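Engineer: an experimental structure, sequence included, is below.
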Amino acid sequence: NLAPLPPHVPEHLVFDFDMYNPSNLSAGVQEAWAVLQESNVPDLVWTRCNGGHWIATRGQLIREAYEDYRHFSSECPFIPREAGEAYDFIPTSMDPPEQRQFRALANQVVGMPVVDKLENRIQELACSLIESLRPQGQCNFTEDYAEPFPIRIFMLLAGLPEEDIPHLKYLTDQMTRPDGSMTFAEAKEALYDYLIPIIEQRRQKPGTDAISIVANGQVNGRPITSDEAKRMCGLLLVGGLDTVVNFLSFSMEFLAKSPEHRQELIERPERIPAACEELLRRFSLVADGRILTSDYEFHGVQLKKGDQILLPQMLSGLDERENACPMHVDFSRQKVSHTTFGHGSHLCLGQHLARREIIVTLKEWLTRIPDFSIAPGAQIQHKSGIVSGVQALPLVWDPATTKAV
Ligand code: HEM
């Protein structure tokens, strides 16, 4: 279903890429998106799928657009338009200088100092989860570790019950990888229906949890409104439940297929931090965009006010002009360049937490289960969207080769 080409779009710039269902998906989601960087594809193209929008395919252009909020506004960051319009999360749906005040508050709840204080908890849960799996000799990584590990840590930080995870998770997934079961507006309403009562309570009887902190925070001298707190917690929910969760699976899927890379990390632990950056580059998974605030000629192409443009954070590090042999995983790259956590004023505030969770997982897993592989016959399937993911990841190993710690 392609949308009619708008008058200002030159047909030689047309390339019908569907971000929710790319063509070479079977080859891997990152590989599927990388077709946009083939020699036959211009740096800036227009796709008629999902309503019609531009797509910047090079790291240089993606960075430029993200730095220039004057022309590319965050007001409508999601494609399709209906999604971008129903999208009202703070601070992502705001442009500076407005964004700055809310960003400061959000940093208060997921910033570095918070990660430092939760460190022992993150480590305890990781060790506990892995030790429990170790003797089984098999598991579905996605549901057995990738989901429980990061999500339980977030629920702990947010002070929310573990019983609500299945419900909250489903709603979140509908926003990043639409099933077709419900519209973005409906999924958002549902999520807000959940948060509203909680924020109300946390406003009267404040706690030490992230929500209590946000609900009673101060913005620009004055206090945050109920509506504002609601829209910020909504974003925190999506970030805590659908980012690290998917990234861990891409990484584990790769480690299960490359004994050499596992060995490398086991023998030279001082390389884990670097390996983390390289994996964040190779398995980048986020792709959202901006909306043109006015007519603007960008790198020779005429963009029209109201035009939406997808700026795939995932593509920057896969661009060969940025990283030689982009598809190759090399832990000793002299320079790992990517924009996996974003670029510009909207740089991910939860990246410190994410990096901590990734590093702990790699270290603690490889310590107890150094040898593992993908279950014979299993076909790993990826899913594309605002945040890409893995359907399932069946793993198997010989318990006799594991190490209890
Ligand atoms: C591998 C994990 C993650 C990735 C790749 C990731 C990626 C991103 C990206 C690309 C943006 C910018 C979006 C834009 O410019 O429109 C962003 C923003 C943000 N992320 Fe993350 N994120 C991750 C984990 C998290 C976590 C764990 C949280 C915490 C709940 C979170 C909280 C935030 C916040 C608060 C923002 C908005 C910042 C602002 O608009 O000023 N993220 N993230």
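Structural biologist: Noted; the coordinates are in hand. Numbers count the residues shown, from 1 in each chain.

Engineer: need the contact list for residue 384.
Structural biologist: Contact analysis of residue 384 by CB atoms under 8 Å, 6 or more residues apart in numbering lists 19, 20, 21, 22, 25, 29, 32, 33, 177. C-beta here means a position set from N, CA and C on the backbone, and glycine is covered the same way.

Engineer: now do residue 378
Structural biologist: 392, 394.

Engineer: now do it against residue 138, distance only.
Structural biologist: 11 Å (CB to CB, to the nearest Å).

Engineer: report the set of residues contacting both of the two.
Structural biologist: Common contact partners of residue 378 and residue 138 (CB under 8 Å, 6+ apart): residue 394.

Engineer: thinking again about what came up before, going through the contacts of residue 384, which ones are buried?
Structural biologist: Buried subset of those (neighbour count, 16 or more other CB atoms under 10 Å): 19, 22, 25, 29, 32, 33, 177.

Engineer: distance of the nearest residue to the last one once chain neighbours are set aside from residue 283?
Structural biologist: Of all residues beyond its chain neighbours, the one nearest residue 177 is residue 385 (3.5 Å), with distances taken as CB to CB, 6 or more residues apart in numbering. Counting by CB to CB, the separation of residue 385 from residue 283 is 15 Å.

Engineer: more neighbours: the two, which one.
Structural biologist: Taking neighbours as other CB atoms under 10 Å, residue 385 and residue 283 compare with residue 283 leading, 25 against 21.

Engineer: in contact with the nearest residue to the more buried one once chain neighbours are set aside, which residues are there?
Structural biologist: In space, residue 283 comes closest to residue 250 once its chain neighbours are excluded; the distance is 3.8 Å by CB to CB, 6+ apart. Applying CB under 8 Å, 6+ apart to residue 250 gives the contacts 30, 279, 283, 285, 388, 390.

Engineer: and if we set it to 7 Å?
Structural biologist: Counting by CB atoms under 7 Å, 6 or more residues apart in numbering, residue 250 touches 283, 285, 390.

Engineer: quick one: what helix or strand has it in it?
Structural biologist: Following DSSP states H and E, one finds residue 250 within helix 244-257.

Engineer: ok, now residue 185?
Structural biologist: Under the criterion of DSSP H and E, residue 185 resides in helix 184-204.

Engineer: hmm, back to that, now, which of the contacts of residue 250 sits nearest residue 360?
Structural biologist: residue 283 (17.5 Å; CB to CB).

Engineer: for the closest one, what are its contacts?
Structural biologist: By CB under 7 Å, 6+ apart, the contact set of residue 283 is 30, 247, 250, 251, 254.

Engineer: could you list the contact residues of the stretch 51-200 of the chain toward the ligand?
Structural biologist: Proximity of the stretch 51-200 of the chain to the ligand (CB under 6 Å from any ligand atom) is limited to residues 77, 91, 92, 99, 103, 106, 110.

Engineer: what are the phi and psi angles of residue 218?
Structural biologist: Main-chain dihedrals, residue 218, degrees, to the nearest 10: phi -110, psi 130.

Engineer: how many residues are close by it?
Structural biologist: The local packing of residue 218 (other CB under 10 Å) involves 11 other residues.

Engineer: who does it bridge with?
Structural biologist: For residue 218, the beta-bridge partners are residue 223 (DSSP bridges).

Engineer: next one: residue 290
Structural biologist: Where residue 290 sits in a bridge, its partners, by DSSP bridges, are residue 309.

Engineer: identify the residue spatially nearest to residue 251, adjacent ones excluded.
Structural biologist: Using CB to CB, 6+ apart, the nearest residue to residue 251 is residue 279, at 4.9 Å.

Engineer: remind me which helix or strand that neighbour belongs to.
Structural biologist: Counting by DSSP H and E, the element that carries residue 279 is helix 272-282.

Engineer: run the angle between that helix and helix 244-257 for me.
Structural biologist: In terms of direction (axes from the mean of the first three to the mean of the last three CA atoms, to 10 degrees), helix 272-282 departs from helix 244-257 by 100 degrees.

Engineer: quick one: which of the buried ones among the contacts of residue 384 is nearest to the ligand?
Structural biologist: The ligand has its nearest neighbour among those in residue 29, at 13.5 Å by CB to the nearest ligand atom.

Engineer: roughly how far apart are that closest one and residue 405?
Structural biologist: Counting by CB to CB, the gap from residue 29 to residue 405 is 34 Å.

Engineer: how about the strand or helix carrying residue 266: buried residues?
Structural biologist: In this assignment (DSSP H and E), residue 266 forms part of helix 259-267. For helix 259-267, the neighbour count (16+ other CB under 10 Å) marks 261, 262, 264, 265 as buried.

Engineer: just stretch 253-260 next, same as before
Structural biologist: 253, 254, 255, 256.

Engineer: my guess is the third one contacts residue 264. True?
Structural biologist: No: with contacts counted by CB atoms under 7 Å, residue 255 stays clear of residue 264, the gap being 10.3 Å.

Engineer: show me the contacts for residue 359.
Structural biologist: When contacts are counted by CB under 7 Å, 6+ apart, residue 359 touches 272, 273, 276.

Engineer: the ligand: which of the residues you listed is nearest?
Structural biologist: When these are ranked by distance to the ligand (CB to the nearest ligand atom), residue 276 comes first, at 10.4 Å.
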